[PDB]
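Below is one structure, written out as structure tokens, with a few remarks after it.
Note: ideal-geometry Cβ built from the backbone for every residue, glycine included; neighbour counts use all protein chains shown. Quick note: the coordinates plus some simple rules give every number you see, no bench work behind them.
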There are 2 protein chains.
Amino acid sequence: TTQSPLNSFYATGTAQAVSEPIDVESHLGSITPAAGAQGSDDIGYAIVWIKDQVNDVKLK
Amino acid sequence: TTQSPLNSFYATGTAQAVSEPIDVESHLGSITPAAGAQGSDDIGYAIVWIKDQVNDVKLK
Ligand SMILES: [Ca+2]
Ligand SMILES: [Ca+2]
Ligand SMILES: [Ca+2]
Ligand SMILES: [Ca+2]
């Protein structure tokens with residue numbers, strides 16, 4: 001009568017990667033010496049947000 | 001996953017040399033003989049301040 005191939009069974013899921021691993025927002029400052037002067041000053045900072053299940057980051 | 005170069009460790013210090021090794025301030029006097037006379041007189045002194053971790057000085 002009917003001979004089934006016994007293959008018509010399926011299960012399906014989805015995957016996505018919609019975000020980059022890091023986000024960088026800058027809060028740097030300024031360097032204001034006189035002409036030819038020597039000095040040092042703190043510039044500011046830069047926030048590096050870490051995204052989903054990211055544990056170690058290697059940057060350049 | 002991530003292969004660290006194991007180089008991103010730093011320690012920093014500063015150095016400066018903002019003063020000259022010696023300071024000289026003068027308290028000399030005057031020589032007041034007559035015309036063609038022969039004599040000798042004390043002139044005065046000159047203070048030679050010695051600066052940070054200076055132990056031996058050679059002057060000209
Ligand atoms: Ca992870
Ligand atoms: Ca004479
Ligand atoms: Ca004389
Ligand atoms: Ca010395």
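Obtain the radius of gyration and the Kirkwood radius of chain A from its C-alpha atoms and give Rg over Rh.
Ratio of gyration radius to Kirkwood radius: 1.53.
Using only the C-alpha atoms of the protein assembly as shown, find the volume of their convex hull and express it per residue in Å³.
So the per-residue hull volume is 258 Å³.
Put a point 7 Å out from Cα along the line to Cβ at B:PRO33; what are the distances to that point in the other copies, in nm, shortest first?
Nearest first, the other copies' label points are 5.5 nm away.
Using Cα-Cα distances under 8 Å and only pairs 6 or more residues apart, what relative contact order does chain B have, in percent?
36
If you average the alpha carbon positions of the range B:1-33 and of the range B:39-60, how far apart do those two centres end up, in angstrom?
So the two Cα centres are separated by 23 Å.
From the backbone phi of the range B:35-41, what are the Karplus-calculated ³J(HN,Hα) couplings (6.51 cos²θ - 1.76 cosθ + 1.60, θ = phi - 60°) in whole Hz, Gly and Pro given as x?
5, x, 7, 10, x, 8, 7
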